[PDB]
């Protein structure tokens, strides 16, 4: 028997894809140990077939992580901190487990989130192969490697050059605006994405949460930039991420979806970390009302400054066609026949989820990879509408109706359907994903 150790980034968009991959790999006969912080831990009772081991986080706490907030923006600081100071403890924990390794057993490899760029030399120091799971898109990575051309061109200059600002030089699939919002945090991202790229290239293999027919324009870049083998597996086509939810599913929403006609409900979720002016919040609700479409709206507490929740909503916007909830099994909702469209913040999991369920999109974004994802889906795949100019009453309602009801948007509806079908075909025998997965399984067994 061969064991695989997976090490996720403790946030919802990173734990979902890696526990999905963990399950896929277990279905291939590997045994699974998940290294994880106590912080943001999943429900281990949802994984009786996995062994969990909690690290880096343990209660005699480091000065650098002991007082970090558990939600909002600042919680993400754990990622730079653990990267810069967790090598010693990761090495001990890995080495302890290999030492207790049973007779019949051998650790095939370590698989980490690509942001755990410190794990590469730790693994090397043990003569242990490390593979990388990318949780953002091939296209996004293509932009990271092209940063130096963006910087020297002045695109990553937040204050001024403000100038050309439609269509990027040498990267025509982007506009200048996309680049500016994605890398507006240049100070921190510049350093981190360097190390992430550098250590992903130096790894033993990269697993991408994607599929060849989703991002075919991007395959050449990955082959040329990454010497190790790459494997494209659309994790949502294998199973949803409900078992790794960090929140309680609202569960009442399916009885409500069962009361709606087919393709007639807008699903709306702006991301677990994002934030809006209280004003802009009221503008969003304005567009929904003005769309005349039924909607299911996930709103995370804190989405509105300064309220706990949407207190600033004039009570009774919802009425008949609208509902607001705090958390759902998102992909299961996207699979329900009532859903006709997904207004998303363009998180990569949400985008891939919607693509794998056949649901066309309305895109907003809040930087990082999000504007890139919206640009790509809306302009290249053409499976949604990108509200790329903020939050205006009518533009919002036009996009929703165009996707959901307008004749003019049939091609968007149809494109989503065709792309889902292509995702399904790629899992079958002789499909891109099927072979990517067959190769990954073969490859890992040869490491052992």
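Basically, rigid core = biggest C-alpha set you can superpose within 1.5 Å across the two forms. Positions refer to the first chain, counted from 1.
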| query | finding |
| --- | --- |
| Segment of greater CA departure in 7 other deposited structures of this protein, 231-239 or 310-318, core superposed | 310-318 |
| More variable segment, 353-361 or 264-272 [Cα RMS over structures in 7 other deposited structures of this protein, core-superposed] | 264-272 |
| Test item: residue 159 lacks coordinates in at least a third of other entries | yes |
| 173-181 versus 358-366 - greater average Cα B-factor per the deposited record | 173-181 |
| Higher-B stretch (mean Cα B-factor, as the entry records it), 130-138 or 90-98 | 90-98 |
| From 245, 203, 187, 210, residue of greatest CA B-factor | 187 |
| Largest Cα B-factor, entry values, listed residues 236, 316, 271, 229 | 316 |
| Record-listed C-alpha B factor of residue 420: chain third | lowest |
| For residue 155, the third of its chain into which the C-alpha B factor falls | highest |
| Cα B factor band for residue 375 (lowest, middle or highest third within the chain) | middle |
| Third of the chain's Cα B-factor distribution that residue 65 belongs to, per the entry | highest |
| Position of residue 340 among the chain's modelled residues by C-alpha B-factor, lowest, middle or highest third | lowest |
